[PDB]
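In what follows, a structure is listed as structure tokens, so that the remarks can point back to it.
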Amino acid sequence: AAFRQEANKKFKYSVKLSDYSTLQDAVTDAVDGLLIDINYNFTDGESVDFXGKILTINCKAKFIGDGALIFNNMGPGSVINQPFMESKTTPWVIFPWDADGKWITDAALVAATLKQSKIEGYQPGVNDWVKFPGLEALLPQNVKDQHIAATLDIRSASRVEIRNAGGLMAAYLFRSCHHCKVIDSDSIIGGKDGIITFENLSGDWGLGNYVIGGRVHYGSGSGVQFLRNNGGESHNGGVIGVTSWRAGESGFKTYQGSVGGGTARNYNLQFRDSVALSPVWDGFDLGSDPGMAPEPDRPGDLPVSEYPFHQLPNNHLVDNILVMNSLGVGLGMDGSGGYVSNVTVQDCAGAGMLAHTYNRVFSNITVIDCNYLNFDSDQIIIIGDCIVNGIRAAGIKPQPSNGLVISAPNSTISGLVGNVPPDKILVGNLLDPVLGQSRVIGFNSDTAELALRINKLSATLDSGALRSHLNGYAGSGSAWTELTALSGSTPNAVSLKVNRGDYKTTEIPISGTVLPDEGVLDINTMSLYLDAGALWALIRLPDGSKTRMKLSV
Amino acid sequence: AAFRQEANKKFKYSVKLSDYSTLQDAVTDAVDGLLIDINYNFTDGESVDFXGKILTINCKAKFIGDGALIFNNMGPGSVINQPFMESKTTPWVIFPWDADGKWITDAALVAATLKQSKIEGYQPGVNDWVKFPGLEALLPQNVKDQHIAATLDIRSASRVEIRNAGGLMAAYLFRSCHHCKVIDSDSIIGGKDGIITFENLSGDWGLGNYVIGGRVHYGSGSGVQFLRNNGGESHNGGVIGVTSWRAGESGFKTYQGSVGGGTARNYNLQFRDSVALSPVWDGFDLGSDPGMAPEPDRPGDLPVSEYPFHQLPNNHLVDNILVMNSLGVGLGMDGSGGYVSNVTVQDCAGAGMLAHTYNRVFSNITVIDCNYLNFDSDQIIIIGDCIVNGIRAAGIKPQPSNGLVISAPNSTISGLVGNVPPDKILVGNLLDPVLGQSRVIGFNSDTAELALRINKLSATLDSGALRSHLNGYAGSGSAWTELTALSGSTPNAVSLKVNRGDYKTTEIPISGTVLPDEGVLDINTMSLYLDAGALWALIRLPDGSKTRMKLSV
Amino acid sequence: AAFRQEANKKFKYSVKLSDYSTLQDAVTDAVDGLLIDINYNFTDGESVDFXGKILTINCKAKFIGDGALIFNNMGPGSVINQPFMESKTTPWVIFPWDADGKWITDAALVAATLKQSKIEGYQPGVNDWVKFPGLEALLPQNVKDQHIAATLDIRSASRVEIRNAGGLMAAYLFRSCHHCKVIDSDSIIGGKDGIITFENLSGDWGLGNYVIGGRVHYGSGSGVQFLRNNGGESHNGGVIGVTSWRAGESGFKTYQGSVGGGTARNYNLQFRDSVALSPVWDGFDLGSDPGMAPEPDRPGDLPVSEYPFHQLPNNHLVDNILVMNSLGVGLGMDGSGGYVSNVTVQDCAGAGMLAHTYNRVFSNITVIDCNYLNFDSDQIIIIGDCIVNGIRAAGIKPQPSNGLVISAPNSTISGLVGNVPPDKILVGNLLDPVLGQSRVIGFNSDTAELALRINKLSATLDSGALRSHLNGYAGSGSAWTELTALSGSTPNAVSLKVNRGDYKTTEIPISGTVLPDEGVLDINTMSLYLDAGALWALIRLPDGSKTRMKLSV
Ligand code: NA
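Chains as they are written, first to last, in our numbering: chain A, 1 to 553; chain B, 1001 to 1553; chain C, 2001 to 2553.
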């Protein structure tokens, strides 16, 4: 027993699941470490009490079951390394992508993808009935009633970290937790529920809860979702460095509206350095208020008298995010106030951005090659009084026949770049007030121009131009400049020209008919016209009266 | 004893603090692991000798004390997991933020926030006497003399990592260390000293020392700070992926000047993918030379004869950083040479950038809604001969009445975007020399224009314009173009017009008075004027002489 | 034996290398953990069988040897913490950087840097014979025949992670692996081979293999390289958050062409949030097809009949990358389709980008101060039919005398920013079609202008301008506007002026010689000329005929 005391003092404590016959039995005996060394088949609702102990759980095997494996009373600072949640049942799933990776949108074609799989696709539900109209009638009731996921449900914990999580038809759910993190997820294949969820509907608002690094795949819901989290003025919560691919709902979601009669909304979260690829709905769905507005107020939240619907000061910190190939909307948001920067949305089947926002600033935005499936939608939509500073809005695909590129009727936009069709923009104001010494260069052309267009007058026709044209041939050393104006809906119809033909003269438009008095406006100005084959001047004199003078003989 | 040898060969070695009565006693007995399983109350200056052993220290409890807990002779490659430093004393702190999150700047109001807390606010000191003038007289001497922090002081170590650090009124200090890292800090609440500090004032310059990921909060000093670190040409050192919130000084700081009679300056460090929120002074303070210049040379550093003050080749790698709501300056720097890219400063109470820099390039910069408290300061300041390529400089807030938007009198700027007031810019040159085929579009307007302004002539009045105006009504198919010039300080006073009224003529300004000979300049040009009610031409002929011809009868 | 069973149930299992006399012997006895507690000197080809066991290998010492240490049959989920590979031999290396950090390019000067070192520089080889012409003849055969590296060779494993790897003349090689990661590398000093390599030439294409975080230094080859990896539509593989410094080849490389008679190419990998500094060849070399084209087809890959050479749909996800000081090309790529965003290449000795690409989009690009050694190369090269949206293309260094800034003859470019020489651009089209209400401001100047240039006519001379000039002096309240045209290769030769001298008149160019009929073009226009000392008008009348009218008496 000299050795018993020596050993107890010098060796690390860990128990291993294979030495017990229930997960609870192993946890009861644990002091420091717990090794999951054999697969463990759990029952729905199986509950494990950690007695407030701060354990390091090292997983080297799987938790298999349908339903929830519930972890209660974990001590703060506990760590779960490499957990793997796998459903027992192999569910029926749809797979709305073809062999070449293209979206399948036709209900009958989507229905024909139906197969049993634990490794790809997702279990269809109410959202799919809207996304693929007609699908609901093509599937049997037992498929529609499925709800398969192996869920790790961590309850009322603080400062618990899950590292390098995996799974098949899996969910990780934190209920009433704070300062909890899910780090470096290992391409978790989702099941029926959101893949990673922080749910704080009761108790204190959620705070300090994050998903950092790693990736999630598929799932019938959203990759990462929050309910009643507030990161506070410190913005202590959210998503940094995460990728979602082929989410059945959205990559990343802040819940909208109410759940269980009280608010599920979120405030002051980060969404940074993250990527959503091919979500069925949105890349990032960051709104607070639901579109269908089924209640007139916000139980448990700020009242509508203080902030109208879609005007909450949600104040998320959104920077350096990327979305590609969304079927819904790339970036969806609502609210008042705040900043959005460094966003890249490219090659989305539906709209690129739909911001139902007021008094928000958007800087350094790229939304290109969106609406490539030609939905009846605009590519970039801003509803309220916002500012856009620097936006690239044209890619390489031919423009869809439906919709505008930009619809931002109450916004001011500067720094719009790309081969954007000038007739497919609706904005409050488009402004570039601080160019320096400037130059327009025409390439592969006989001309260089600065055209002018007045949208109110005509969306499709330039109203006038300043244009330079080469005289003769490349290398001639001579060009001509013109100032033009639209007439009879014909661009450049009326044109004043300097140095055409290298004659070093000015060709001046004159009226071929006798001008009325209104043909001259300002004092000390002259307009020219023809009358009975003679050249005449109509002049407004220094005293403001008008006179006519014959100039030819 | 068969078992003694079997056990010694098959079990992991770890000792636990609860089996001993001093931290030193536990460390002396450690071989591989050390578990901190019970809180440990240390005395200031308590020193622990690790005997060169490479330990993994797993903390599941706190180190509590006022002053420094000193770790000597750690072996290379040691790891400290989840340490938590907590002060013994609960200090008096100020809290210059109100209930709505707004800055409190009035000294009496800041003084009234004084309370005892270990969890938020900071202990005031000499910097606060300048930041909140009058505060110094409102606080008692014992508050002013406080210096509470629980400091983990790691001395002369190599390749030691601290992971998932926490604390309350805490500091982590590395003295004369190299290749040391502080990773994924868990919202460490700072105390009187900088939160994380690498101090290499003696010995070899610091190299390879980083803060990677995670967050720090409050502190009376800077979140992360370096003294006499040089990352070398490899840029092996700095900050990647870190957030600081409500630093009492600056988020991230390279020390300026001398400490203890020798340089504390830094070179070739990274500042990337990092965020400073609501610092009292600067978001990132990256200068090398101090503003007050209390010595004429640089002991231990490059001489002033080689590089004048504010001209050191500090060469930090600064990319993808974000600052919001700073009370001081968002981004502060000095030095010569180098590159800064992808910076976003938004919604700062004081200036957004103050670069006392020479021969530096700034690309893809956003500095918007800065100086919102209307200090007597410009928003964006560059002192020396720099280049700015792409800068967004206007947000949604009304402009402050004081200061310029940009003051960069020796710099060249291209790609300036936003609704920037054209009279609130002072630059060396503003240049956009490579526009392509271009078009100006007016929205919600009867006109579209390209105005011209000559700053020397007038900062506030356009000197002339090319303008298009609709004829009549939306859909008329007709517009008119004018070329205008300023006269008598009235914009567009003198105007040549093409197609006004859809008459297809040119209205030409003429002099209402007899022109002097100087009224025509170039050979083979003509100016028109009125004399005794007749139209005359003043013409410079091919031989260079001038003549007057009567055109009317 | 009560205690034997008690101990076996409560303590963590780990074996340590010092209790054995071969690494295999220790591994055979391992169950859970393995501690490398003493240096281990291995022989080339030493092979260790892990028997499918899922081990955590904690290294606190080095693996020293020349050649490969081979790890077979590792169980999935194994982890190797802090390995350190060090060569036995100290090789002869070159060091083509001088004391001030500048490149050494002269063969004799590079040859003179030859020294024996394990800690910096690299072993020269066939690429250096091309990079430094003449070097091959200056080195002895035994230096040329060297091939020193200590290689950790992990074979046919899944979900194995290496964390915090280090080394001296080291390589980490994964052969036929999947879902393997190399995380937070600790400035591994490379040897003769690529530093980190995923080689999947046989078996299934590589999938899920990454390098995340950390840094690599030197090496004679590329920092990170892939062979026959396909991240699939999910883009599950690549490089995130990594830095390479002074790679003897390229920072990051997708292999081109064939190895061993079958393809070594790669598809659908990420290259994000990563930095290449001072590579001898490229920062990122992301092409698929080799330049020298030594075979007419692609064994094991897509046929040339489907995709011509340089047109593969490689579809890498490239975003937020930074390159500086490359001697070769900063960013090299080829292929068809796809997107590249948020790239920063600055201060490169050779070209900044060489994209042999077709139907690709580039958005938010900075390529500045490239070709600073004045190679016979353009700075930015795009070969095929691409789109560039937003590009900063001028820094602070004087332009090199050789080459163009941009050579993209089949591309369309918008949003080109910087003081780019207008004569050093060759593009398909340069287009800025959606400016808003605009203004040009001249600083430190008597004038403000919008110049026009027609590249076909002249690359170097403006063809015309709209210019504003101050009248008299600062504060006069008066300016004049002119519309000018090029003649006799003299810019602004022919000029129509409004309000010069504040006379409120128009100075109109007229022909000093009798105009031919071709001197007037449009109906109801007039050109003026002198004939025998009189002013005449040449007018095209409403019926289309031309007439001449004498206007003076
Ligand atoms: Na006459």
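Note that beta-carbon positions come from the ideal geometry of N, C-alpha and C, so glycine has one too.
Item                                                                                                                            : Value
Residue-chain proximity (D2319 (chain C), chain A), Cβ-Cβ < 9 Å                                                                 : yes
Chain B within 9 Å of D2029 (chain C), Cβ atoms only                                                                            : yes
Residues that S1258 (chain B) bridges to, as DSSP identifies them                                                               : B:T1263
Inter-stretch contact (C-beta, 8 Å, three-pair minimum) for the region 1400-1409 of chain B and the region 1364-1383 of chain B : yes
Contact test: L2551 (chain C) Cβ vs the ligand NA heavy atom, cutoff 8 Å                                                        : yes
Local conformation of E2233 (chain C) per DSSP, three classes                                                                   : coil
Cα-Cα separation between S2511 (chain C) and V1498 (chain B), rounded to whole angstroms                                        : 22 Å
Where the alpha helix (DSSP H) through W2129 (chain C) begins and ends                                                          : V2126 to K2131
The region 506-518 of chain A: positions lying closer than 7 Å to chain B by Cβ                                                 : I508, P509, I510, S511, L515 and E518
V2329 (chain C), DSSP secondary structure in three states                                                                       : strand
Straight-line Cα distance separating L1055 (chain B) from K2010 (chain C)                                                       : 22 Å
Assigned secondary structure, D2044 (chain C) (DSSP; H/G/I helix, E/B strand, else coil)                                        : coil
Beta strand (DSSP E) runs contained entirely in the region 270-355 of chain A, provided each spans 3 or more residues           : 270-277, 317-324, 329-336 and 339-346
Per DSSP, cross-strand counterpart(s) of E1507 (chain B)                                                                        : A:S527 and B:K1497
Element boundaries [alpha helix (DSSP H), containing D1032 (chain B)]                                                           : Run containing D1032 (chain B): none; DSSP gives neither H nor E here.
Nonlocal neighbours in the same chain, by C-beta distance under 6 Å from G203 (chain A), ignoring five residues either side     : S176
For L1173 (chain B), three-class secondary structure by DSSP                                                                    : strand
Near the ligand COA: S1511 (chain B) beta-carbon under 8 Å from a heavy atom                                                    : Ligands displayed in this structure: the ligand NA; the ligand COA is not among them.
Exposed unless 16 or more other CB atoms sit within 10 angstroms - verdict on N39 (chain A)                                     : exposed
Where the alpha helix (DSSP H) containing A2111 (chain C) begins and where it ends                                              : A2107 to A2111
Interface flag, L1404 (chain B) vs chain A, CB-CB below 9 Å                                                                     : no
Straight-line gap, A408 (chain A) to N2314 (chain C) (C-alpha atoms, nearest Å)                                                 : 36 Å
Coarse secondary structure for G519 (chain A), derived from DSSP in three states                                                : helix
Outcome for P91 (chain A) when other beta-carbon atoms lying within 10 angstroms are tallied against a minimum of 16            : buried
Proximity test, Cβ basis, 9 Å: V224 (chain A) and chain C                                                                       : no
Assigned exposure category for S1021 (chain B) - 16 Cβ within 10 Å defines buried                                               : exposed
Residues that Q2437 (chain C) contacts on chain B, provided the C-beta gap is smaller than 9 Å                                  : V1440, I1441, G1442, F1443, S1445, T1447, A1448, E1449, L1450 and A1451
Same chain only: Cβ atoms within 8 Å of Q2399 (chain C), ignoring 5 sequence neighbours per side                                : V2405, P2421 and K2424
Proximity winner among A:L23, A:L152 and A:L135, relative to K144 (chain A) (alpha-carbon distances)                            : A:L135
Inter-residue spacing [alpha-carbon to alpha-carbon] between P1083 (chain B) and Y2210 (chain C)                                : 30 Å
Within 9 Å, strictly: CB atoms of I240 (chain A) and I212 (chain A)                                                             : yes
Partners in chain C for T1525 (chain B), counting only beta-carbon separations shorter than 7 Å                                 : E2507, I2508, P2509 and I2510
9 Å Cβ cutoff met for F1375 (chain B) and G1330 (chain B)                                                                       : no
Cβ-based contacts, 7 Å cut-off: residues of the region 2214-2241 of chain C near chain A                                        : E2233, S2234, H2235 and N2236
Of the listed residues A:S274, A:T506 and A:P279, nearest to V318 (chain A) (C-alpha basis)                                     : A:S274
Proximity test, Cβ basis, 9 Å: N41 (chain A) and chain C                                                                        : no
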